[PDB]
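Read the single chain below, which is given as structure tokens and is the form deposited in one PDB entry.
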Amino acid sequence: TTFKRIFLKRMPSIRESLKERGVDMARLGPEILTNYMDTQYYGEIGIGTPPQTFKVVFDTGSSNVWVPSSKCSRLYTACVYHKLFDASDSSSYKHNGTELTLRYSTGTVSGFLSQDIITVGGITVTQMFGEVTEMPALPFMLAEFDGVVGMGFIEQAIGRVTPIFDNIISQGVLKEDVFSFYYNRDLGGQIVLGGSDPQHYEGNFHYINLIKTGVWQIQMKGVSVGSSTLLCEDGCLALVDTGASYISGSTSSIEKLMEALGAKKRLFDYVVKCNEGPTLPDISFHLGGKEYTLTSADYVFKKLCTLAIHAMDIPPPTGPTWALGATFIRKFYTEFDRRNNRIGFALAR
């Protein structure tokens, strides 16, 4: 049958556009967290009657929906350089006005709450979202996206606000209470609501139950370099985060990984010589029953060749954890199974 789909379109990362400009990365600042600094994909949504359309990133690592407000205080706030949600053009709009305060490492986003029909992936969810009236100039003024759509759980929602997906489940009909992500090896990308597209995977899905109530995180049994397991011997966590673009781990663990690879460090990223790249061994993540491998081609891009792995010492609530970002999902088609509270993987195509 005909699916329910959100297409993902390529956009320049706010880091990328800085390189195009020619910015010195080291002279920036040291940079309740997801920068979207290297996020390179977005979909569109509608908000309200007539739908006011917005470019948004879909982030399984957070549980709020927010867009810029028409009530941004002119030039002062730096949100006025995106599309703004005018409530006076929506008949379905419903007032709320409870202040909301999302804190990021680069700055504090402020705004108020609002209710309205959201059109997404060919369907209408009545959502409660944030109307932002103050924005951090640093990342967001360079952004090509207008806002954020959480695909996380109520537990990680500021204000205990029901996430667009909960609302999708409870109100109205999806076939199955799941959703999947898929990236092309490259306008390339697709979310499906209520299914997995068979054309974009092969073989069979394999599942790992989420280890804790309200987050898309799972137990990882070991990280293997070449043929032998290096770190995560006694078990660590793996956060599947569609808002993140790369794989990340604790600095403790990331040091180890790169030493074995023989990738000398740049203070910005980890790099290898472009000749030596293809030689680099396979990395494999031990998740549930199966071993999920990433070849050199998958995580590599005369001496200037940067890798798709980074370090992120994530704070202790979600805990020390790894982060399977977009780079993993590009090779491994992923299904988020809210009905059974598990994540499932298959080879992409």
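Here, rigid core means the biggest group of C-alpha atoms that superpose within 1.5 Å across both forms. The first residue of the sequence shown is number 1, and the count goes up from there.
Here the subject shifts to the form deposited with a small molecule bound, a form of this protein not shown in this document.
- Although the partner is absent here, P51 lies well away from the small molecule in the deposited bound form, with no heavy atom inside 4.5 Å.
- Mapping the unseen interface onto this chain, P139 counts among the residues with a heavy atom inside 4.5 Å of the small molecule in the deposited bound form.
- A residue is said to contact a partner when one of its heavy atoms sits within 4.5 Å of a partner heavy atom; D59 meets this definition for the small molecule in the deposited bound form.
- In the deposited bound form, the small molecule sits within 4.5 Å of a heavy atom belonging to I314.
- Using a 4.5 Å heavy atom cutoff, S105, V148 and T318 all lie near the small molecule in the deposited bound form.
- Interface residue among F85, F179, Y183, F165 relative to the small molecule in the deposited bound form, by the heavy atom within 4.5 Å criterion: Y183.
- Only one of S90, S196, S224, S245 lies close to the small molecule in the deposited bound form, with a heavy atom inside 4.5 Å, and it is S245.
- Stretch-level contact check against the small molecule in the deposited bound form with heavy atoms at 4.5 Å: of 275-283, 230-238, 198-206, 140-148, the positive one is 140-148.
- Among the candidates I154, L142, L174, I211, the CA atom that moves 2 angstroms or more between the shown form and the other one after core superposition belongs to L142 alone.
- After superposition on the rigid core, the Cα atom of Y270 is displaced by less than 2 Å between the shown form and the other one.
- In the core-superposed comparison between the shown form and the other one, the C-alpha atom of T251 has shifted by less than 2 angstroms.
- A displacement of less than 2 angstroms separates the C-alpha positions of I164 between the shown form and the other one, with the rigid core held in common.
- Note: the CA-CA distance for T39 and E155 expands in the deposited bound form relative to this form, by 3 angstroms or more.
- The gap between the Cα atoms of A143 and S245 is smaller in the deposited bound form, by no less than 3 Å, than in this form.
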